[PDB]
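This document starts with one chain, in the form deposited without the named molecule, laid out as structure tokens.
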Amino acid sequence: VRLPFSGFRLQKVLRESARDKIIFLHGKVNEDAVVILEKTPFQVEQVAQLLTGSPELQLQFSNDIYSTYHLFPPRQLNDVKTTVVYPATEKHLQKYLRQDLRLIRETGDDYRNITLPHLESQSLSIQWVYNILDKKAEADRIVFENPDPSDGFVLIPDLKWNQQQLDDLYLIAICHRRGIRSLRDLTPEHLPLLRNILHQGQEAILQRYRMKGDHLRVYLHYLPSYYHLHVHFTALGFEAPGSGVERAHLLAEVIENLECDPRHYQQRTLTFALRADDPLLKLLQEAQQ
């Protein structure tokens, strides 16, 4: 009947997805509440009966054999799944919050003059990466390894993939070689490594999980989440966060770019998104005005 509090005043949309028809709202009450609203899937019988029984339809437009409408269905199709977290702690607000993103186009020179110095101004640990590579941690999770210290890598499932089905298959290849921070460091010297990751990684997944290479999206992030070269292997059906064109770069194309254009990744402009509160965004914007 009633929500477990009084007087909802919106502070912030923590996250919204128009694709998934879901929104996460931070509201002030009286104290903090999170309310999550999600539209519901259609039930076939409910739609089929609506379409034969006086539906309230209103034209947005038509063109040839196509027409689009606003439909206002009866109550049974209008359920909205509503999840209330109250009181919400700062941890709740942080787990749901996603910053709005802005696109930047970074020239080779912007990288050299602005981005790289900004990265060098930070002290970020990747010791967790080295512990895996050195077999001190997570050795039991490695699915495949090419042990070569120059051209080798380990393949490990993503932590959030429960390995309970192939629909959301997701593994990460991490190279043994140290000091390759991102796409920007890649030269023809790295072709053997990159080929190994692509071919051996796909083969390992075929053997272990019986998933063929043409069912795999294999790509790198730019900007990456940590600055030691790593490659994502996801089921093609799994539209994983970070597989968008504004972040993802297909390993096969990275290889072919290096093969025909050796300085590609030092010379060409790369496009990525930054959180609107990221100080790097302001630096690149200031440098580009």
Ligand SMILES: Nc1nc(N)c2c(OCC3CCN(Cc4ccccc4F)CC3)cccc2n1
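Take the two forms, find the largest set of C-alpha atoms that superpose within 1.5 Å, and that set is the rigid core. Numbering starts at 1 and runs along the sequence shown.
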- Note on the structure: Deposited residues missing from the model between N30 and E31 number 4 to 9
- Comparing 152 to 160 with 86 to 94, which has the greater mean CA B-factor as deposited? 86 to 94
- Given 48 to 56 and 62 to 70, the range whose Cα B-factors average higher in the PDB entry: 48 to 56
- Task: Using the entry's values, work out which of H26, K39, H264, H221 has the largest Cα B factor.
- Result: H26
- Query: From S182, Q165, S123, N78, pick the one with the largest CA B-factor in the entry?
  - Reply: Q165
- Rank-wise, by C-alpha B-factor, drop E259 into the lowest, middle or highest third of its chain. middle
- In terms of the chain's CA B-factor thirds, is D278 lowest, middle or highest? highest
- Query: Can you tell me which third, lowest, middle or highest, the CA B-factor of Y170 falls into for its chain?
  - Reply: middle
- Item | Entry-reported Cα temperature factor of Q127, expressed as the chain third it lands in | middle
- Relative to the other modelled residues in the chain, which third contains the C-alpha temperature factor of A204: lowest, middle or highest? middle
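One more form of this protein exists, namely the form solved in complex with the named molecule; it is left out here, but the text below deals with it.
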- Note on the structure: Seen with the named molecule overlaid from its pose in the entry with it bound, and using a 2.4 Å cut-off to backbone or C-beta atoms, this pocket is open
- Task: Would you kindly say which of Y86, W128, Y209, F144 lies with a heavy atom within 4.5 Å of the named molecule in the entry with it bound?
- Result: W128
- Contact with the named molecule in the entry with it bound, heavy atom within 4.5 Å, among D148, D158, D110, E189 goes to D158
- Message: Please identify, from 115 to 123, 89 to 97, 198 to 206, 72 to 80, the stretch that has a heavy atom within 4.5 Å of the named molecule in the entry with it bound.
- Response: 89 to 97
- Although the named molecule is absent from this view, report whether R15 comes within 4.5 Å of it in the entry with it bound, heavy atoms only. yes
- Query: Given that the partner is absent here, does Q43 sit within 4.5 Å of the named molecule in the entry with it bound, heavy atoms only?
  - Reply: no
- Query: Is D185 close enough to the named molecule in the entry with it bound to count, meaning some heavy atom within 4.5 Å?
  - Reply: no
- Message: Considering non-hydrogen atoms and a 4.5 Å limit, does the named molecule approach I172 in the entry with it bound?
- Response: yes
- Message: Is it true that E106, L258 and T271, all three, sit within 4.5 Å of the named molecule in the entry with it bound, judged by heavy atoms?
- Response: no
- Could you list the residues in 130 to 147 that come within 4.5 Å of the named molecule in the entry with it bound, counting only heavy atoms and keeping sequence order? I132, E138, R141
- Note on the structure: The one residue in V85, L206, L119, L191 whose CA moves 2 Å or more between the shown form and the other one on rigid core superposition is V85
- Have a look at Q11 and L101: in the entry with it bound, are their Cα atoms closer together or farther apart than in this form, given the change is 3 Å or more? farther
- Compare the CA separation of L119 and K95 in the entry with it bound with the one in the displayed structure, and answer closer or farther (the difference is at least 3 Å). closer
